[PDB]
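All remarks here apply to the structure that follows.
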Amino acid sequence: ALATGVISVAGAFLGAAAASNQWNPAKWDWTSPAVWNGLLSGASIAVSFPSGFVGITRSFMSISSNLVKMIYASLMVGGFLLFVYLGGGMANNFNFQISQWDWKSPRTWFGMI
Amino acid sequence: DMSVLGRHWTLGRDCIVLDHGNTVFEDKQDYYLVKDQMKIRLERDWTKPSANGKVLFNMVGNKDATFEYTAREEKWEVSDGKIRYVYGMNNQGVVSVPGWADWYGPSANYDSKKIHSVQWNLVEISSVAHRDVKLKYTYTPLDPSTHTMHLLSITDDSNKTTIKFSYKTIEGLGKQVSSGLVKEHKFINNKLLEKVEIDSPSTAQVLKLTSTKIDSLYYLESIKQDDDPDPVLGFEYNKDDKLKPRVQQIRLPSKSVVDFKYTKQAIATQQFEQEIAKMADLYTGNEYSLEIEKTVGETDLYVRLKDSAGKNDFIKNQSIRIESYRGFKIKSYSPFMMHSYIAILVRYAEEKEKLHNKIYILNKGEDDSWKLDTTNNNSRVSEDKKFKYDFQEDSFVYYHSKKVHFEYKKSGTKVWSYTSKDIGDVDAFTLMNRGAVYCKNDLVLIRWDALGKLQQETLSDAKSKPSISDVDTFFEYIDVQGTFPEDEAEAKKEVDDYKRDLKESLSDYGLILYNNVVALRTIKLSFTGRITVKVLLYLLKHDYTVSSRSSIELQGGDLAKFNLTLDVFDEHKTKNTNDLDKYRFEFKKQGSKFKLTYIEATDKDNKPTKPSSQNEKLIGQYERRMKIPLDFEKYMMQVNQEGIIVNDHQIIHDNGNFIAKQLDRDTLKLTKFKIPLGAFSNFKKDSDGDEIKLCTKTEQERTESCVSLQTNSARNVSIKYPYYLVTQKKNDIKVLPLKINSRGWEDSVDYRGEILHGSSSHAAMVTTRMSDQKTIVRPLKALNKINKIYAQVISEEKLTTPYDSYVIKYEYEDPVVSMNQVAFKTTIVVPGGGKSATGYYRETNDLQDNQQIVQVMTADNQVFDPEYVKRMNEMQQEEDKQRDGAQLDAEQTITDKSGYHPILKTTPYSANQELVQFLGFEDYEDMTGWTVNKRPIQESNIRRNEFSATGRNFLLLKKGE
Ligand SMILES: *[C@@H]1O[C@H](CO)[C@@H](O[C@@H]2O[C@H](CO)[C@@H](O)[C@H](O)[C@H]2NC(C)=O)[C@H](O)[C@H]1NC(C)=O
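So the sequence lines, in the order shown, correspond to chains A and B.
Residues in the first sequence are numbered consecutively from 527, following the numbering used here.
Residues in the second sequence are numbered consecutively from 4, following the numbering used here.
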């Protein structure tokens with residue numbers, strides 16, 4: 527690149543057109559910090575915030591409109607009350623289904639099988 | 004990572020977490036609502052800036068839920084129309100770490116007085132109407148050693164119900180020492196859950212949790228109840244894999260046992276490798292991995308969507324064609340792979356006279372098939388030699404022909420907005436996330452807001468930017484001689500070419516943006532032959548304004564002290580190719596300028612030698628061709644996560660001030676180094692002559708075991724830490740797989756006669772065989788010496804009862820691989836012990852569609868009922884017709900304070916009309932319209948837990964009442 531001259535002069539001084547140095551002149555005392563930077567970038571993958579996210583399986587960068595009911599139900603099984611209150615998911619609550627169960631009235635049952 | 008229960012186990016929790024990414028900019032701050040194992044992004048509504056101190060947040064798809072964050076109070080209040088959650092509440096529930104208001108990144112020492120808050124946990128839950136009902140989570144005090152805060156209690160609202168948690172400390176897992184030169188904040192959970200108390204007006208409970216210390220990690224053994232002789236749930240683990248043990252026996256509450264049997268399935272891995280054409284490559288992306296090929300003699304470009312392993316088993320194949328622009332032979336292409344869009348920069352060539360650079364972008368989601376954004380190519384095409392680009396999830400920004408184009412999507416997917424402001428003199432350029440830090444007379448920062456508003460901030464109060472002035476002076480104090488002395492005019496072109504080359508090389512790498520500090524370096528030469536580098540640092544505030552300005556200076560090598568020793572070949576002295584002479588060259592001051600001059604020559608044993616007769620006249624020419632020999636790559640800035648590397652020095656953060664510390668030259672000369680890969684393994688080069696090694700040291704045994712990677716050089720090798728290391732020696736490749744969590748290395752693999760590709764990645768290595776010239780893609784799992792991978796999976800599950808037993812057996816087939824995980828496409832399950840007695844189910848799982856098809860199979864391996872899942876879903880809908888129960892959320896019903904339980908429903912007319920009322924004097928029901936003659940109802944009026952007909956309380960009335 528910038529220093530093709532010095533390598534070309536050093537390379538011309540090789541015995542019978544044989545590569546004896548094998549990229550020696552580039553590293554007599556010249557540094558190589560970009561390769562070192564690449565090695566440090568490759569070798570360093572550190573997650574320095576296992577405070578509250580730690581132990582997570584799924585995450586949503588946003589809410590999908592088609593999957594609204596699924597994420598609402600999965601929050602519902604975990605006892606998170608901020609969404610099923612407004613979404614009308616009180617039919618999905620087992621305690622309400624079994625408390626409204628009228629004995630000797632098949633219309634009120636909710637038995638899956 | 005270990006939770007409070009142990010490894011493999013997570014206890015439920017909810018909070019709001021901050022992801023700043025070591026920067027203070029207000030756009031890059033991300034907030035996440037975490038509920039157990041699920042996360043949702045919070046998005047700032049920039050259209051409504053508020054001066055009360057509180058900013059507003061909301062989520063996609065839920066505009067009916069509102070978040071309000073008060074910074075001065077360290078509080079989030081969030082609600083729907085019924086229930087509000089309060090997170091943080093300052094010292095009650097905030098995890099905060101020491102960090103400055105201008106620099107969130109790592110430092111050498113920290114300021115404990117300064118602090119900033121990273122996580123806000125759930126402090127309180129309440130109801131918008133009837134605020135009496137609530138729940139209060141009380142947390143422990145923050146731990147300064149490891150910033151983890153544990154849940155202590157769940158306090159009562161009206162009827163006393165407390166749930167207290169108690170914990171046990173781990174003295175072993177807590178970190179021993181920190182070896183980082185620049186230290187970052189790290190979080191460690193050193194406590195386990197020991198016992199839970201529950202005191203409620205109905206019941207009382209005291210539970211105790213015990214754990215096993217397999218190796219150096221804890222796992223949940225059992226839950227027991229106090230005054231109960233048998234464990235409620237027992238867990239027993241199988242350690243057939245040392246690094247990852249999995250539970251093989253569970254004890255149920257009914258005191259019946261459930262066992263799982265593990266088997267090691269052997270699947271051949273040659274099927275996962277694939278061979279493809281010479282002009283075809285597979286570039287790995289985060290979510291999707293795409294392969295591009297050159298079809299008709301570099302004229303057009305086929306794009307094909309693939310998966311992590313290079314197949315279409317995970318992601319459906321999509322064929323895209325890029326047309327020739329103007330019938331130009333393609334020289335190079337660079338793909339970039341963002342969530343919503345793929346952008347490929349293509350470099351067309353016109354006869355080496357010019358190089359055009361067209362940006363083809365292909366935006367679609369997953370449901371729709373990738374296709375070209377057919378947008379007017381006004382600014383997505385240019386031919387200039389200073390063409391800078393930067394692609395981001397939300398936007399991208401280009402610079403061609405003195406113009407800064409910026410395309411962004413705000414509030415709309417299918418259209419890109421265009422914005423651009425022309426800029427003038429360009430000497431040193433850098434593009435940030437939403438703008439460009441250009442070099443002018445003064446240092447300026449142009450940026451577009453999320454609202455699209457332009458913001459031009461000029462960052463120069465004191466003297467700055469002597470870049471050009473210092474460089475030309477550096478150039479002119481040394482006389483450099485043209486290639487041929489006889490013709491001055493011809494050599495004037497060569498000296499101009501060198502001066503332009505030096506200007507572009509020094510300036511193009513002399514403007515860095517490390518996190519939120521802009522660094523600009525300049526270099527100059529004194530009369531005395533001394534080089535000084537001066538780097539000016541600008542710390543930027545959260546609103547892209549100058550927090551601070553600093554200047555530090557360092558020394559470069561003097562030209563008088565500098566010497567160059569070359570081995571050189573003299574054909575006129577000896578015919579031996581390896582009997583080389585060596586020349587010493589040095590700069591000597593002649594007149595007013597320095598001139599490089601030969602000094603002396605010696606043999607390869609450092610005894611003086613007469614130079615060759617031909618070389619005695621050629622040496623002057625070779626000094627002219629050499630021109631300026633210097634380590635100029637040292638002066639340019641290479642930036643990493645820790646600090647900025649310039650002139651064998653590192654610029655880092657220390658107590659709010661940016662300081663430069665000596666970087667050892669030996670590491671930068673790649674002669675010796677020790678790079679800590681992980682917790683227990685370190686990449687090590689012991690000495691110069693020793694080959695590249697990977698030493699490891701597990702915690703238990705103090706024995707250093709180093710594997711050798713068979714490479715003397717360090718430029719060949721590449722590091723992809725969690726998985727394989729790779730090295731290219733000569734025309735062969737060597738691959739060293741790494742065990743998970745850096746517990747040691749694996750068996751080395753060698754591939755002869757192959758050339759590595761720069762597209763190789765954590766997921767897959769793509770190479771080119773030299774004999775065939777057909778490139779070969781191998782997934783990470785395919786890098787196995789014996790050519791088979793073992794996937795440990797369960798064979799059967801057996802339920803044992805004192806009255807009967809029951810065994811369900813599983814087998815798996817049609818594997819695929821993806822990163823480090825094997826998955827199976829077709830699983831066969833038998834419900835009984837015998838398969839040939841009663842048949843089975845064969846479930847085929849499509850990974851892309853995520854729909855499974857169950858074929859019920861006769862004992863003679865014949866399909867009795869294909870798509871049996873549809874039958875059961877139709878059946879479920881059929882039995883659901885007679886039953887109806889989807890009625891509570893009606894405003895016509897009379898409800899409680901909380902609103903869970905319907906007291907009274909009125910069907911013909913609604914509760915809004917005050918035509919029907921029913922008061923039962925109890926805790927949960929509050930009614931103010933029934934004022935007693937004295938004043939409204941108090942505790943002294945209602946008799947509690949005395950004999951009523953309905954409920955527990957009643958009202959006692961005297962004459963005056
Ligand atoms: C480091 O990589 C380079 C290639 O980038 C290797 O140089 C190759 O050496 C082989 C064998 O002598 C030649 O056939 C190739 O022609 C060379 N490179 C190319 C592509 O021209 C070098 O050998 C590697 N270092 C080590 C330790 O072997």
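Backbone N, C-alpha and C fix where the C-beta goes; we use that ideal spot for every residue, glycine too.
Bridge partner(s) assigned by DSSP for B/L958 | On the second sequence, position 955 is the one that residue 958 of chain B refers to. Per DSSP, B/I945.
Buried or exposed: B/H656, going by 16 or more other Cβ atoms within 10 Å of its Cβ?
-> Taking the first residue of the second sequence as position 1, residue 656 of chain B is located at position 653. Counting Cβ neighbours within 10 Å, B/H656 comes out buried, since at least 16 surround it.
Kindly examine ligand 1 and report whether one of its heavy atoms sits closer than 7 Å to the Cβ of B/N719.
-> As a working mapping, residue 719 of chain B is identified with position 716 in the second sequence. Within the cutoff, so yes.
Are B/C18 and B/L125 closer than 8 Å when you measure CB to CB?
-> Here residue 18 of chain B corresponds to residue number 15 of the second sequence, with the count starting at 1. Here residue 125 of chain B corresponds to residue number 122 of the second sequence, with the count starting at 1. Yes.
Is the closest heavy atom of ligand 1 to the C-beta of B/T771 under 7 Å?
-> Looking up residue 771 of chain B in the second sequence gives position 768. No.
Using a Cβ cut-off of 8 Å (strictly closer), state whether A/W629 contacts chain B.
-> On the first sequence, residue 629 of chain A is found 103 positions in, with the first residue counted as 1. Output row for A/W629: interface = no.
Can you tell me which of the three DSSP states B/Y813 falls into?
-> For the purposes of this step, residue 813 of chain B is identified with residue 810 of the second sequence, where counting begins at 1. Looking at B/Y813 - three-state DSSP - the assignment turns out to be strand.
Confirm the yes/no value for this check: CB of B/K732, any heavy atom of ligand 1, distance under 7 Å.
-> One-based indexing of the second sequence puts residue 732 of chain B at position 729. At least one heavy atom of ligand 1 is nearer than 7 Å to the Cβ of B/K732, so yes.
Could you check what DSSP says for B/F867 in three-state terms: helix, strand or coil?
-> By one-based count along the second sequence, residue 867 of chain B stands at place 864. Here B/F867 sits in strand by DSSP.
Mind checking which residues open and close the alpha helix (DSSP H) that includes B/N618?
-> Within the second sequence, residue 618 of chain B is the residue found at index 615, counting from 1. From DSSP, the alpha helix (DSSP H) with B/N618 extends over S616 to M629.
In chain order, what residues of the same chain have a beta carbon less than 7 Å from the beta carbon of B/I226, not counting five sequence neighbours either side?
-> For the purposes of this step, residue 226 of chain B is taken as residue 223 along the second sequence, with counting starting at 1. So the qualifying residues of the chain are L210, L212, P234, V235 and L236.
Three-state secondary structure (DSSP) of B/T830 = Numbered from its first residue, the second sequence carries residue 830 of chain B at position 827. Note: B/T830 maps to strand in three-state DSSP.
Neighbourhood of B/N320 by C-beta distance below 8 Å, restricted to the same chain and skipping five residues each side | Residue numbering aside, residue 320 of chain B sits at position 317 when the second sequence is read from its first letter. Contacts found: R307, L308 and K309.
Mark B/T531 as exposed unless 16 or more other C-beta atoms lie within 10 angstroms of its C-beta, in which case mark it buried.
-> Position 528 of the second sequence, counted from the start, is the residue given in the question as residue 531 of chain B. Result: exposed.
Which residue or residues does DSSP assign as beta-bridge partners of B/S169?
-> Locating residue 169 of chain B in the second sequence gives position 166, counting from the first residue. Answer is B/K198.
Check whether the Cβ of B/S716 lies closer than 7 Å to any heavy atom of ligand 1, and answer yes or no.
-> One-based indexing of the second sequence puts residue 716 of chain B at position 713. It does: the Cβ of B/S716 is within 7 Å (strictly closer) of some heavy atom of ligand 1.
For the alpha helix (DSSP H) that contains B/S470, what are its first and last residues?
-> Residue 470 of chain B sits at position 467 when you count from the first residue of the second sequence. Unbroken alpha helix (DSSP H) run through B/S470: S470 to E479.
Residue ranges of each beta strand (DSSP E) within the region 692 to 758 of chain B, 3 or longer | 696 to 699, 708 to 711, 728 to 732, 735 to 739 and 752 to 754
Euclidean distance between Cα positions of B/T803 and B/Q252 | Here residue 803 of chain B is taken as the residue at index 800 of the second sequence, counted from 1. Here residue 252 of chain B is taken as the residue at index 249 of the second sequence, counted from 1. If I take the Cα positions, the gap works out to 11 Å.
In chain C, what lies closer than 7 Å to B/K189 by C-beta?
-> In the displayed structure, chain C is absent; the protein chains listed are A and B.
Would you identify the three-state DSSP class for B/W451, choosing helix, strand or coil?
-> The sequence position of residue 451 of chain B within the second sequence is 448, counting from 1. Residue state, collapsed to three classes: strand.
Listing by chain order, which chain A residues have their CB less than 7 Å from the CB of B/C18?
-> As a working mapping, residue 18 of chain B is identified with position 15 in the second sequence. The answer, in chain order, is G578.
So what's B/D4 in DSSP terms, helix, strand or just coil?
-> Numbered from 1 along the second sequence, position 1 holds the residue referred to as residue 4 of chain B. Note: B/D4 maps to coil in three-state DSSP.
Sorted by chain position, which residues of the same chain lie with C-beta nearer than 7 Å to B/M435's C-beta, five sequence neighbours on each side aside?
-> Residue mapping note: residue 435 of chain B aligns to position 432 of the second sequence, counting from 1. Cβ neighbours of B/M435 beyond the five flanking positions: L516.
Between B/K267 and the rest of its own chain, which residues show a CB-CB distance below 7 Å, the 5 nearest in sequence each way excluded?
-> For the purposes of this step, residue 267 of chain B is taken as residue 264 along the second sequence, with counting starting at 1. Answer for B/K267: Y793 and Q795, listed in chain order.
What separation, rounded to the nearest whole angstrom, lies between the Cα atoms of A/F606 and B/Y35?
-> In the first sequence, residue 606 of chain A corresponds to position 80, counting from 1. In the second sequence, residue 35 of chain B corresponds to position 32, counting from 1. Cα to Cα, the separation comes out at about 16 Å.
Note down, in chain order, all residues in the region 110 to 138 of chain B with a beta-carbon under 8 Å from any beta-carbon belonging to chain A.
-> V121, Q122, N124 and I128
Own chain, CB closer than 8 Å to B/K828, minus 5 neighbours either side, in chain order | On the second sequence, residue 828 of chain B is found 825 positions in, with the first residue counted as 1. Hits under 8 Å: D316, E816, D817, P818, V819, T847, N848, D849 and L850.
Beta-carbon separation (whole angstroms), A/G604 vs B/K38, contact threshold 8 Å | The residue given as residue 604 of chain A occupies position 78 in the first sequence. The residue given as residue 38 of chain B occupies position 35 in the second sequence. Indeed they touch by this definition, with Cβ atoms about 6 Å apart.
Using a threshold of 8 Å, state whether the C-beta atoms of A/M616 and B/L138 are closer than that.
-> Sequence index remark: in the first sequence, residue 616 of chain A carries index 90 (1-based). Sequence index remark: in the second sequence, residue 138 of chain B carries index 135 (1-based). Contact: no.
Taking DSSP as the reference, what is the three-state secondary structure of A/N563?
-> Taking the first residue of the first sequence as 1, we reach residue 563 of chain A at position 37. Helix.
Helix, strand or coil at B/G237 according to DSSP, with G and I counted as helix | The sequence position of residue 237 of chain B within the second sequence is 234, counting from 1. Strand at B/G237.
Beta-carbon proximity of B/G177 to B/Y142, cut-off 8 Å | Sequence index remark: in the second sequence, residue 177 of chain B carries index 174 (1-based). Sequence index remark: in the second sequence, residue 142 of chain B carries index 139 (1-based). Not closer than 8 Å, so no.
Counterpart residues of A/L593 in DSSP-defined beta bridges = Position 67 of the first sequence holds residue 593 of chain A. Beta-bridge pairing links A/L593 to no other residue.
Any Cβ of chain B within less than 8 Å of the Cβ of A/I624?
-> If you number the first sequence from 1, residue 624 of chain A lands on position 98. No, its Cβ sits nowhere closer than 8 Å to a Cβ of chain B.
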